[PDB]
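Asker: My structure is below; once you've seen it, I'll send some questions.
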Amino acid sequence: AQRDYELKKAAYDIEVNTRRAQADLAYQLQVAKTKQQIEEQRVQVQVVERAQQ
Amino acid sequence: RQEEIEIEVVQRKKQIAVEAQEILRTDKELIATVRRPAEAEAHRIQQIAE
């Protein structure tokens, strides 16, 4: 009876840990994507600055 | 920053008009400091030679 319960617990824990790992790291991925858009415009100022110089 | 650097552009655009007067100033200045004094110095020689 203990074994029958232990195996389902471990089986469900695989999915819970998997989904938690995804959710945990989901923030930094978007932070990278957002910075990707930002940096393009940060250095775009250099182009405009040089053009007036 | 496009508008900030434009301030430097309009300054240069005007500085050109300043230096245009500077040429004319420097020209008249050379007539009074070089051309006329040299013409006076040359007359002394023609007189003291006699």
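Quick note on naming: the chains in the structure tokens go A, B, ... in the order shown, residues restart at 1 in each chain, and ligands are numbered from 1 in order of appearance.
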Contacts between chain B and chain A, please, where a residue of chain A counts if it comes within 10 Å (with only C-alpha atoms); show its shortest atom pair and distance in Å to one decimal, rows by chain and ascending number, as a tab-separated table.
Answerer:
residue	atom	partner	partner_atom	distance
A:45	CA	B:1	CA	7.4
A:46	CA	B:1	CA	9.3
A:47	CA	B:2	CA	9.9
A:48	CA	B:2	CA	6.3
A:49	CA	B:2	CA	6.2
A:50	CA	B:5	CA	9.1
A:51	CA	B:2	CA	8.7
A:52	CA	B:5	CA	6.0
A:53	CA	B:5	CA	7.0
Asker: For a test of reading the model, state the distance in Å between atom CA of residue B:48 and atom CA of residue B:35, rounded to one decimal.
Answerer: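 Here the two named atoms are 20.8 Å from each other.
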